[PDB]
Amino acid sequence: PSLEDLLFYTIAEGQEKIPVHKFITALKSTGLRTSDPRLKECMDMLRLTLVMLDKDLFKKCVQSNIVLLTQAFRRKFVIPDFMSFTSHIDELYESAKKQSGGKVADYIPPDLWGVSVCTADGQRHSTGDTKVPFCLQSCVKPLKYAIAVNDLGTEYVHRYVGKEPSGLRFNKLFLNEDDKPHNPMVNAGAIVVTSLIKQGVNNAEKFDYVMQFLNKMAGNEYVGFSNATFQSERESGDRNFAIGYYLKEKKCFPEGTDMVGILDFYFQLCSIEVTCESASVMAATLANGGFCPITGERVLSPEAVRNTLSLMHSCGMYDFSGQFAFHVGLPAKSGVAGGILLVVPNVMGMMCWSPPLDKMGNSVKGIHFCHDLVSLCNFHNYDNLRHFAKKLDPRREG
């Protein structure tokens, strides 16, 4: 016995040869895409091969990659029937497509809508306008927070920022009662954690450090930059300057920080570009303890991915985050571009994008989707995996 051989006739269907055309169709229906970084040496050893393969031919194509190839074919992934799962994701996408309401962030203008999924095991699925780039806006506030506590630790990062939400009373306060901004996912907090990344180095390269980091969160899928909104947020950041002058005056930055310099760095971070496919993977890195699901590299400390997931829950949808925490119970983060970065812990990462916002700042179709997501699957964080009434569980068989 052993496993490169045993797996050969579970794909082979008893024949003595298998076309490679039925190996890839079998593998792409487990949810993996043939692009998968951890599948490289496997299909590196197959396009140089070219059409049926036999058990000698096969075995030294998959031997280095067969430990994970087995899980896809034994359906021991966290969503085993990933076919059933996507057709409900498509069904959720299409019911959100028909509620027109909202207006776009009027200082960035067929209109568009896309949602992408990437599981903690690398299973991938997109529908709609998934690789059209758009900026993160305040979607990036948890990522730069995660980076911060990854490099500095929980206690340093919260010497400078609090860890709770304000209250619908305090959408116009900057500081809490200990003279820290309330939390990392509101602008006053995001500016301060921007100040703590890679201190002592200049803003040209500490920006690059983040972009190195975002490249590791997306498994090196698309993370770009739009200079259009970088200058356009300097134009119309008179409020962000007030916060900076307020926090400078109230002694809230690490010592020797250049305040008006940090706010510039803040504006570039808010217009890093992604797509929903790219961003789904970074969401999935947060869903999986800080290990990127399509590369296997550990990107963020477990401490950082807990702290981040803890505050995207309470604070991630601006004033709608209390209603969110109640009715959907998933760590999520919205930004003004139309995106919502969604994390179902131990399952999946997601990015939904539709630019029309509501009257609180959340993608209108995005919010409808995440209600329907947890209306139908037991993904809320205070469901029980044993008794869950009339909703489905894609983590099990049929």
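The numbering used is simple: start at 1 and walk along the sequence shown.
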ask   = What number of residues from the deposited sequence go unmodelled in the gap from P109 to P110, classed as none, 1 to 3, 4 to 9, or 10 or more?
value = 4 to 9
request  = Output the stretch having the higher mean C-alpha B factor in the entry; the candidates are 98-106 and 126-134.
outcome  = 98-106
query = Looking at the entry, does 182-190 or 113-121 show the higher mean C-alpha B-factor?
reply = 113-121
key: Peak C-alpha temperature factor (PDB record), options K141, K250, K216, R75   = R75
query = Of the options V67, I367, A332, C352, which has the highest CA B factor as deposited?
reply = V67
task = Would you mind ranking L32 by its C-alpha B-factor against the rest of the chain and naming the third, lowest, middle or highest?
result = middle
inquiry  = Using only modelled residues of the chain, where does the Cα B factor of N227 rank: lowest third, middle third or highest third?
reply    = highest
Record-listed C-alpha B factor of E273: chain third = lowest
task = For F326, return the chain-relative third of its C-alpha B-factor as stated in the PDB record: lowest, middle or highest.
result = lowest
request  = Report the third (lowest, middle or highest) to which the CA temperature factor of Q71 belongs, ranking only the modelled residues of the same chain.
outcome  = highest
